[PDB]
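So this first bit is one chain, no partners, the form deposited in one PDB entry, shown in structure tokens.
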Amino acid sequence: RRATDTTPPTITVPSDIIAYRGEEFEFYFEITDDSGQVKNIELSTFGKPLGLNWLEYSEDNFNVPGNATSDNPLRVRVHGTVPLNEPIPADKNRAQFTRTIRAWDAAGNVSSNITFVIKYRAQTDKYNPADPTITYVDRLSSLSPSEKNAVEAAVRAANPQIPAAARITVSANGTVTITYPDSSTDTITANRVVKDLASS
């Protein structure tokens, strides 16, 4: 029987972390140690500061005997919100943060940093608007105020899954813009939104 614990904790990372700007997300690390106890973790940029102040996790159940067995792993909930204005470069391949995690057991053994990747995307990547019920108008090239109100309400009614803080605007010819809270957009062409009342 081995006199001392010389083996560091083992960490399982989520494989496909995807976050949308302005929306709360969460993911879990799973950690075990041959001793059954994990003391704490470190999120870093390969040993350097994490540099992501919006990322957080609970230290609940840290450094408790039996908190990290094979049958009952330590489950660390990481969560936060990618800032609304977080820059997305021209190549969306680049809209991600590669970071590292490691963990200590209660015997001074620390694991070697392993990577996880937080991919972040514009809100319109998450949302796909359904077409509204058609609004019938007097002039296709010049909607009235009530007709624009109606169009907005129709687009809203057809899409309850879309954020309430998204703003729906309507042009003179019934073209619909949905601007999500992160200012990314979806467009609905007028021919899918309005029809001439007299012709119909």
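Take the two forms, find the largest set of C-alpha atoms that superpose within 1.5 Å, and that set is the rigid core. Quick note: we count residues from 1 along the sequence shown, nothing fancier.
Absent from the display: the form deposited in another entry. The rest refers to it.
Sole residue of 30, 56, 131, 26 shifting 2 angstroms or more in CA between this form and the one not shown, core aligned: After core superposition, the one over threshold is 131.
Large Cα shift (2 Å or above) at residue 183 between this form and the one not shown, core-fitted: Not so; residue 183 is displaced by less than 2 Å.
Is_shifted residue 70 between this form and the one not shown (CA, 2 Å cut-off, rigid core): No: residue 70 shifts by under 2 Å between this form and the one not shown.
Core-superposed C-alpha of residue 161 shifting 2 Å or more between this form and the one not shown: No, shifts by less than 2 Å.
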